[PDB]
């Protein structure tokens, strides 16, 4: 199926980057509204991780870079994907504080993931099947 306009098509999924700074739950609502079946992105392989990082880094020649919400959230002490997919691959290193939602970390060129407070405003990335 054709990807939404401007979305990256990579190995059977589509990825849409949004530089609008929203709290995690609003970001997730936004993604769901774009297309049925879309959610904040899950990342299941290093190659997918690498492709997403490249895609975000090319946004505006890499000038505007900020942390980017993904679909990993902590609940009942466990990290999981909001899209319901199984978690295996991870680039998230406790922070036993109230930081229960994950971002791609800009300062590492989106190599590492970090946990942020869910009410923090960040850019975000959506994913749907291609």
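Positions refer to the first chain, counted from 1.
- Deposited but uncoordinated residues in the residue 93/residue 94 interval: Unmodelled stretch: 1 to 3 residues, a short break.
- So which stretch wins on mean C-alpha B-factor, 69-77 or 33-41? According to the entry, 33-41 carries the higher average C-alpha B-factor.
- Hey, which bit's got the bigger mean C-alpha B factor in the entry, 44-52 or 60-68? Comparing 44-52 with 60-68, the higher average CA B-factor belongs to 60-68.
- Please work out which residue in 109, 16, 119, 12 has the highest C-alpha B-factor recorded for this crystal structure. Spelled out: the listed residue with the top C-alpha B-factor is 12.
- Item | Residue with maximal Cα B-factor (values as given in the PDB entry) among 126, 8, 130, 123 | In this record, 130 carries the highest C-alpha B-factor of the candidates.
- Query: Can you tell me which third, lowest, middle or highest, the CA B-factor of residue 100 falls into for its chain?
  - Reply: It falls in the bottom third of the chain.
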